[PDB]
Amino acid sequence: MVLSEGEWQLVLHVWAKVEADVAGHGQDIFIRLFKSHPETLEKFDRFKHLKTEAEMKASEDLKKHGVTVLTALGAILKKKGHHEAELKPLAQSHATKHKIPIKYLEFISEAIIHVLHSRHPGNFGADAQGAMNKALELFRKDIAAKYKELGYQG
Ligand code: HEM
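The deposited coordinates derive from X-ray crystallography, with the record listing a resolution of 1.95 Å.

Structure representation (structure tokens):
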């Protein structure tokens with residue numbers, strides 16, 4: 001699949017807002033993910049002990065992790081589709097070291113959309129959300145293709 005320049009512009013416009021506070025967006029996204037799909041928390045040995053949202057918000061390590069994840073996702077989005085190089089190491093670590101099913105990538109994509117919708121309604125209308133969903137589906141499609149090449153079905 002391919003996004004038009006117009007769709008990329010909608011994606012990058014709202015992402016520019018996210019970049020005004022990466023750490024804050026990272027926390028909301030992971031808390032949303034862990035609360036909506038608790039099973040995903042079991043994949044993080046470093047955070048699986050967190051019991052409440054209060055504990056999650058207070059975790060310095062979780063906040064730092066969120067910045068690392070969003071920064072990588074941002075680098076990929078800014079390539080506007082030409083992200084083959086950025087995807088390689090990401091796909092290998094998540095398929096071989098962390099063992100993350102495509103299903104879980106769908107869950108975090110939902111968390112991202114939810115948080116952007118909550119925080120940036122003025123820059124995340126129907127068209128912009130459609131553009132973001134398309135960019136995330138492209139991301140998941142390409143990561144899935146790499147998973148297969150690497151020998152991981154998940
Ligand atoms: C938006 C998609 C995602 C991106 C861009 C992303 C990015 C990253 C990055 C950059 C790291 C650190 C470097 C590395 O280990 O490769 C990381 C670590 C990790 N990711 Fe992801 N990730 C994504 C989705 C997920 C999902 C959905 C899970 C599973 C619920 C997951 C589980 C992990 C784990 C377990 C680690 C190691 C954390 C640690 O022990 O420090 N990731 N991810």
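Chemist: Can you walk me through the nonpolar core in this structure?
Modeler: Most often, soluble globular proteins keep nonpolar side chains buried together rather than apart. If you look at the biggest cluster of nonpolar residues, it comprises 45 residues, and the most contacted ones within it are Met 132, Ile 143 and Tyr 147. Counting residues per element, the ones that place at least two in this core are α1 (5-18), α2 (22-36), α4 (60-77), α5 (84-97), α6 (102-119) and α7 (126-150). When neighbours within four sequence positions are excluded, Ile 143 is seen to be in contact with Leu 87, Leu 90, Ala 91, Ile 102 and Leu 105.

Chemist: How should the site of the ligand be read in this particular structure?
Modeler: Close contacts around the ligand come from 17 residues, with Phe 44, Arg 46, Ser 93, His 94 and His 98 the closest. Contacts to the ligand include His 94, whose side-chain N or O atom sits 2.9 Å from a nitrogen atom. Here an oxygen atom of the ligand sits 2.9 Å away from a polar atom, N or O, in the side chain of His 98. Within the residue set of the shell around the ligand, elements represented by two or more residues are α4, α5 and α6. Counting residues per element, the shell around the ligand draws most heavily on α4, which supplies 4 residues. Each residue belonging to the shell around the ligand can be placed in one class, and the counts come to 9 nonpolar, 6 polar and 2 charged.

Chemist: Help me understand α2 in this model?
Modeler: Side chains that are three or four residues apart share a direction in an α-helix, a result of its 3.6 residues per turn. Between the first and last C-alpha of α2 there are 21 Å, a value that for 15 residues agrees with the 21 Å anticipated at 1.5 Å per step. Burial in α2 covers these residues: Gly 24, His 25, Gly 26, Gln 27, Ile 29, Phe 30, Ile 31, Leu 33 and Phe 34. Those residues of α2 that are buried lie in contact with α1, α3 (53-58), α4 and α6.

Chemist: Would you mind showing me how to read the packing of aromatic side chains here?
Modeler: Each aromatic ring pair is summarised here by two numbers: the centre-to-centre distance and the angle between the ring planes. Inspection of the entire model under this criterion finds 6 aromatic pairs. Centroid distance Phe 44 to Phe 47: 6.0 Å. Interplanar angle 40°. Geometry classified as tilted. An aromatic cluster of at least three residues, connected via ring pairs, comprises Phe 30, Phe 34, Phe 44 and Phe 47.

Chemist: Explanation requested: the UniProt feature "binding site: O2" in the chain in the structure shown.
Modeler: The residues that UniProt annotates with the feature "binding site: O2" are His 65. Among the secondary structure elements, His 65 is positioned in helix α4.

How each quantity is defined
- Each chain has its residues counted from 1 in the order its sequence is written, and this count may differ from the entry's own numbering; any residue lacking coordinates is left out.
- In computing side-chain properties, one takes all heavy atoms of the structure into account and sets aside hydrogens as well as water.
- We define the nonpolar core as a collection of buried residues of types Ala, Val, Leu, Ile, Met, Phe, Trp, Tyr and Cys that are connected through side-chain atoms lying within 4.5 Å of one another.
- We call a residue buried when its accessible area falls under 20% of the maximum for its residue type, exposed when it is over 50%, and partly exposed in between, using a 1.4 Å probe and counting protein chains only.
- Helix and strand assignments follow DSSP, with helices taken as H or I runs no shorter than four residues and strands as E runs no shorter than two, numbered in order from the N terminus.
- Any two residues having at least one pair of non-hydrogen atoms within 4.5 Å are treated as being in contact.
- Whether a residue is near a molecule or strand depends on its heavy atoms: it is near if one of them lies within 4 Å of it.
- Distance and chemistry together define a polar contact, namely a pair of N or O atoms within 3.5 Å, with one atom able to donate a hydrogen and the other to accept it when in protein, and with adjacent residues in sequence counting only for side-chain atoms on both sides.
- Ten residue types, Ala, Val, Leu, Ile, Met, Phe, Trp, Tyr, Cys and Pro, are classed as nonpolar, four, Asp, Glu, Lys and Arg, as charged, and the remainder, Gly among them, as polar.
- Helix span is expected to be 1.5 Å times the residue number reduced by one.
- For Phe, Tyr and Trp, where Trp contributes only its six-membered ring, two rings pair if their centres lie within 6.5 Å, and the inter-plane angle classes them as stacked under 30 degrees, edge-to-face over 60, or tilted in between.
- UniProt positions are given in the numbering used here, feature names are shortened, and annotations may be inferred rather than shown by experiment.

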